[PDB]
Amino acid sequence: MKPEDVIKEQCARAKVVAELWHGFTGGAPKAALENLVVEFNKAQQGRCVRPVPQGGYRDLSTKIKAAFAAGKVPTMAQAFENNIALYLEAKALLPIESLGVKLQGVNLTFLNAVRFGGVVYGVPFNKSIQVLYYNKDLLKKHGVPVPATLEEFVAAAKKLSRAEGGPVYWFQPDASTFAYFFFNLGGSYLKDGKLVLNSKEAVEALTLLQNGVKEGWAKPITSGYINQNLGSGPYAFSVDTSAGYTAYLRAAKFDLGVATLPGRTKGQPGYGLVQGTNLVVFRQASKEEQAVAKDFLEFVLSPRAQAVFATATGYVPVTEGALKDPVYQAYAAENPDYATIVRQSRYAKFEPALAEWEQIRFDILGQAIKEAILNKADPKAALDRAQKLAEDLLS
Ligand SMILES: Nc1nc2c(ncn2[C@@H]2O[C@H](COP(=O)(O)O[C@H]3[C@@H](O)[C@H](n4ccc(=O)[nH]c4=O)O[C@@H]3CO)[C@H]3CC(O)(O)C[C@H]32)c(=O)[nH]1
Ligand SMILES: O=[P-]([O-])[O-]
């Protein structure tokens, strides 16, 4: 009896079913969402949430695009901030506080991100931060401390790659990985209100990655997640979402480490990219569906729900109350990596919340990074093309 089979049975016997479209394809995130929903549905008297997998997050935004074109939206969906900005152009979203969901206690890093013209339009649900994953055994073998600075990180990657005869810093050539280097080299995506993809810091960040590939210390990962590639060649480090935590733990044959990100100096950890999603509630939903959404959103924000979901996955608990929940405290007491994730979540930056950002980050910025890393494009030339395409899209 799979959780999704139990949910099907729950919704079949329910009088009111609120659909929740999501972008979890599998692993711990999907299981954890389905377990949270089974528990919620059990407590409700014939009022249920039906999670509907729409593929990954890009497939989900496409599926919601189609739903608007069709005139039939779900009750709830996952949404990045840029997705929220786009759904707001259509006035498609209910203000959350209008349902009477209380938001006091939600981390301001996350709550600020779903506030548009002073009004909250999403509930932070599955919010991730980048962390430094590392191979404790390989660092101990070679006497290499966990790097605290970008300088130490590069030095460590070079020393270990030479010692092991393979590039030990593994990365996906994507917008998310680029953001870590860009932000910690002093980069900002907006200058005087304008999106800029081709700033000196952007070029420096993309040049550092390309040089690491050329110099034999940085390993591009082009097929699957990093954790799905472990076992093939020496691995020391990656910068990756905390939502992958339990996938790394399951895959690693070595003693997995999690550290805060390397920063410019030891005075502060590096900034990590916030990813994962918020839940939104569509205006088109019936009063009865909207009341299910209200109850489900209070449940998602409850310390126990947050504690079980964050500890199952690596997501950052979105409320102060979650950290005080005994189930959270029990996991943290046995495993210091959960506290590491929360400490890193204090040093957190977001990409721009432009409605067009999904398209820019994958089709324009992501493509420029792939051109430079995989096809040896000149970093400034690749990012100048990106800038021109983004300027053209945003005009
Ligand atoms: N559509 C759209 N996507 C966006 C936007 N900003 C960022 N992202 C994507 O968020 C993913 C991070 O979201 P996060 O919830 O932290 O992590 C995901 C999965 O990454 C992660 N996962 C799953 C299996 C596994 O073996 N390892 C693992 O790490 O678990 C979660 C659920 O699938 C990145 C991935 C990306 O596709 O390169 C592009 C990124 C945006 O604006 N729009
Ligand atoms: O180094 P070769 O892949 O161009």
Side-chain angles (χ1 to χ4, degrees), residues 7 10-11 14-24 29-30 32-54 57 60 64 73-81 83-84 87-88 92-116 118-128 274 276-310 312-313 315-323 325 328:
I7 291 164
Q10 282 170 334
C11 296
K15 345 198 169 49
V16 50
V17 179
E19 291 203 351
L20 186 181
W21 291 9
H22 72 83
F24 292 165
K30 181 172 193 277
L33 171 60
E34 287 159 0
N35 288 323
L36 186 154
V37 173
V38 168
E39 173 159 45
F40 172 87
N41 284 350
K42 270 186 216 179
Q44 298 275 298
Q45 179 149 341
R47 292 162 89 256
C48 287
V49 163
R50 188 199 301 287
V52 182
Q54 299 295 359
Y57 290 142
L60 170 62
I64 289 163
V73 284
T75 308
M76 296 176 278
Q78 293 175 320
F80 285 84
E81 306 62 32
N83 300 146
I84 297 172
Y87 304 153
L88 285 183
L93 301 190
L94 280 168
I96 297 303
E97 286 180 305
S98 94
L99 296 167
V101 179
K102 190 150 109 61
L103 293 178
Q104 303 293 52
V106 176
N107 138 336
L108 296 178
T109 296
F110 300 145
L111 199 62
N112 294 342
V114 287
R115 196 178 297 266
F116 289 84
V119 179
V120 173
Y121 285 106
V123 171
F125 166 41
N126 60 304
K127 293 309 299 183
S128 62
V274 180
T277 49
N278 314 286
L279 293 173
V280 299
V281 184
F282 292 88
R283 292 185 188 281
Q284 289 198 8
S286 72
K287 280 318 205 164
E288 294 81 6
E289 288 166 331
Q290 287 175 33
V292 177
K294 166 199 167 60
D295 293 334
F296 182 64
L297 294 171
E298 291 180 353
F299 175 73
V300 166
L301 289 174
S302 66
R304 180 58 44 74
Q306 277 294 307
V308 166
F309 186 82
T313 60
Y315 278 114
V316 177
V318 304
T319 64
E320 51 174 42
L323 300 187
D325 181 79
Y328 182 83

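Both backbone and side-chain heavy atoms feed into the values below; hydrogens, waters and symmetry mates do not. We count residues from 1, following the sequence as given.
Residues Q10 and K42 approach most closely at NE2-CG, 3.7 Å, considering heavy atoms. Between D325 and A307, the shortest heavy-atom contact is OD2-CB, 3.5 Å. Across all non-hydrogen atoms, the minimal contact from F282 to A77 is CE1-CB, 3.7 Å. When all heavy atoms are compared, the tightest approach of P317 to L323 is CG-CD2, 3.7 Å. The two residues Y87 and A79 have their closest heavy-atom pair at CE1-CB, 4.1 Å. Between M76 and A18, the shortest heavy-atom contact is CE-CB, 4.4 Å.
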Candidate pair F40 and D295, rule side-chain contact (heavy atoms from CB on, under 4.5 Å), full reasoning: CA-CA 9 Å; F40 172 87; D295 293 334; 4.0 Å; yes

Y57 vs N83, side-chain contact (heavy atoms from CB on, under 4.5 Å): CA-CA, chis, key distance, verdict: CA-CA 10 Å; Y57 290 142; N83 300 146; over 6 Å; no

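Atom CD of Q290 and atom CG of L94 lie 4.5 Å apart (nearest 0.5 Å). To the nearest 0.5 angstrom, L108 atom CG is 8.5 Å from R115 atom CZ. Taking CG from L111 and CD from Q104, the interatomic distance works out to 8.0 Å, rounded to the nearest 0.5 Å. A distance of 7.5 Å separates CD of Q54 from CD1 of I64, quoted to the nearest 0.5 Å.
Scored by the side chain to side chain donor-acceptor pair (under 3.5 Å) test, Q306 finds no partners at all (sequence neighbours excluded). Partners of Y121 under the ring pair (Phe, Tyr, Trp, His ring centres under 6.0 Å) rule, at least two apart in sequence or in another chain, do not exist in this structure. Residues passing the side chain to side chain donor-acceptor pair (under 3.5 Å) test with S128 are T241, sequence neighbours excluded. In this structure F309 satisfies the ring pair (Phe, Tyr, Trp, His ring centres under 6.0 Å) test together with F125, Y315, sequence neighbours excluded.
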Below 3.5 Å, can you tabulate the donor-acceptor pairs from side chains in residues 32-39 to any protein atom, sequence neighbours excluded?
| from | atom 1 | to | atom 2 | distance (Å) |
| --- | --- | --- | --- | --- |
| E34 | OE2 | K30 | NZ | 2.7 |
| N35 | ND2 | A31 | O | 3.1 |

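Within the structure, the salt bridge (charged side-chain N to carboxylate O under 4.0 Å, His left out) test picks out the following pairs touching residues 276-294 (sequence neighbours left out): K294-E298.
Counting only heavy atoms from C-beta outward, the side chains of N126 and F24 approach each other to under 4.5 Å. The shortest side-chain heavy-atom distance between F296 and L279 falls under the 4.5 Å cut-off. Looking at heavy atoms from C-beta onward, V292 lies out of side-chain contact with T75 at the 4.5 angstrom threshold. Within the 4.5 Å cutoff, the side chain of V106 has heavy atoms near those of the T319 side chain. Put simply, the side chain of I7 reaches to within 4.5 Å of the side chain of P51, judged on heavy atoms. Here the side chains of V318 and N107 are not in contact, with every heavy-atom distance at 4.5 Å or above. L88 is listed as a side-chain neighbour of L93, based on a closest heavy-atom distance under 4.5 Å.
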